[PDB]
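Overview (structure and organization)
Spelled out, the chains give:
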2 protein chains.
Amino acid sequence: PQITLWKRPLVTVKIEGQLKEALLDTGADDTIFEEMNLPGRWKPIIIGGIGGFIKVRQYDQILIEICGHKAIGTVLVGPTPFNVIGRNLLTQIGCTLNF
Amino acid sequence: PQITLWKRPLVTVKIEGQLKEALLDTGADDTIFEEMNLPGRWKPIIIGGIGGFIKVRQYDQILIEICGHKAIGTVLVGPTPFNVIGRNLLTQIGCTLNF
Ligand SMILES: CC(C)CN(C[C@@H](O)[C@H](Cc1ccccc1)NC(=O)O[C@H]1CO[C@H]2OCC[C@H]21)S(=O)(=O)c1ccc(N)cc1
């Protein structure tokens, strides 16, 4: 799908059987979600952005189906204001910017 | 141009005679640059990111020339870690996400 940027690029994702909306965020290197249960071993890390840094849990090789496209990669869990799909997963669905 | 997301989507920008690289950021509603001077009056505002908020100066009707495409709109100036071109200006160059 082609997506214009007049509104936030929020898509519906299926992750761990749960339905969530997330931002397709080209300014995010990695994917991060609100608090939720995910499988496998995790490690506490600390990501930062505009204004400061948060503590999250890094889960590896997590599956997400993003607007009907499947991707596997690292998903971080923690107090993010929005779920964001970052470049680590955007690449896997072959997402590009065009102008 | 078509831009893949394996690397950060940086582009060279010309703004008020200055050359800068800025992140094509589809998760940013607004455009913000590190400290610089700009024409016109400005109003202080607060913006919030993943882990906190920052005090920035808001400028309106600022000319930005992004990768050879021109746009005019709001530009915020504050202690951002990376210059980001938000949707308020991505929309003006006809930028779209495609996958
Ligand atoms: C620090 C920057 C490189 C921006 N980042 C991605 C960006 O899309 C965020 C993602 C984002 C989205 C909503 C809320 C917080 C963060 N948006 C953002 O900070 O924009 C703010 C300035 O313009 C305004 O527009 C909305 C928020 C304001 S980030 O969220 O901090 C980030 C950094 C690393 C990872 N792995 C994931 C996300």
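Reading guide: rules and limits
- Residues numbered from 1 in each chain as written, not as in the entry; some residues may be left out.
- Chains lettered and ligands numbered in written order.
- Heavy atoms only, no water.
- Residues with missing side-chain atoms left out of burial classes, pairs and counts.
- Least-squares fit on C-alpha atoms.
- Contact = heavy atoms within 4.5 Å.
- UniProt positions renumbered as here; feature names shortened; annotations may be inferred.
- Helix = DSSP H or I, 4+ residues; strand = E, 2+ residues; numbered from the N terminus.
- Polar contact = N/O pair within 3.5 Å; in protein donor to acceptor, adjacent residues only side chain to side chain.
- Near = heavy atom within 4 Å.
- Buried < 20%, exposed > 50% of the residue type's maximum accessible area, 1.4 Å probe, protein only.

Method of structure determination, per the deposited record: X-ray crystallography was used for this entry, reaching 1.91 Å resolution.

1. Quick look at the relation of the copies chain B and chain A
Take chain B, turn it by 180 degrees, move it 0.0 Å along the axis, and it overlays chain A with an RMSD of 0.2 Å. In short, the pair behaves as if placed about a two-fold rotation axis. Of the interface residues in chain B, 92% have counterparts in chain A that sit at the interface too, so the contact is made through matching surfaces.

2. Examining the UniProt feature "domain: Peptidase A2" (unreviewed entry) in chain A
With numbering aligned to this structure, UniProt lists the feature "domain: Peptidase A2" (unreviewed entry) at residues 20-89 of chain A. Strand forms 57% of residues 20-89 of chain A and helix 4%; the C-alpha atoms that close the span are 15 Å apart.

3. Some points on the side chain of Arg-57 of chain A
All names here are of chain A. By the secondary structure assignment, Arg-57 is in strand β6 (residues 53-66). In this structure the side chain of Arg-57 is engaged in a polar contact, spanning 2.7 Å, whose partner is the side chain of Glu-35. Polar side-chain contacts of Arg-57 include one of 3.0 Å to the backbone oxygen of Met-36.

4. With respect to the site of the ligand
The ligand sits among 19 residues. The nearest are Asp-25 and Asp-30 of chain A together with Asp-25, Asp-29 and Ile-50 of chain B. Neighbouring residues of the ligand are not confined to one chain but are distributed across chains A and B. Residue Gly-27 of chain B places a main-chain N or O atom 3.3 Å away from a nitrogen atom belonging to the ligand.

5. Observations concerning the environment of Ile-15 of chain A
All names here are of chain A. Take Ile-15: it is sitting in strand β2 (residues 10-15). The class of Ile-15 is buried, set by a relative accessible area of 0%. Expressed as a C-alpha distance, the spacing of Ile-15 and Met-36, which sit 21 residues apart in the sequence, is 9.9 Å. Ignoring any residue separated from it by four or fewer positions in sequence, one finds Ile-15 in contact with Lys-20, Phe-33, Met-36, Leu-38, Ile-62, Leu-63, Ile-64 and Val-75.

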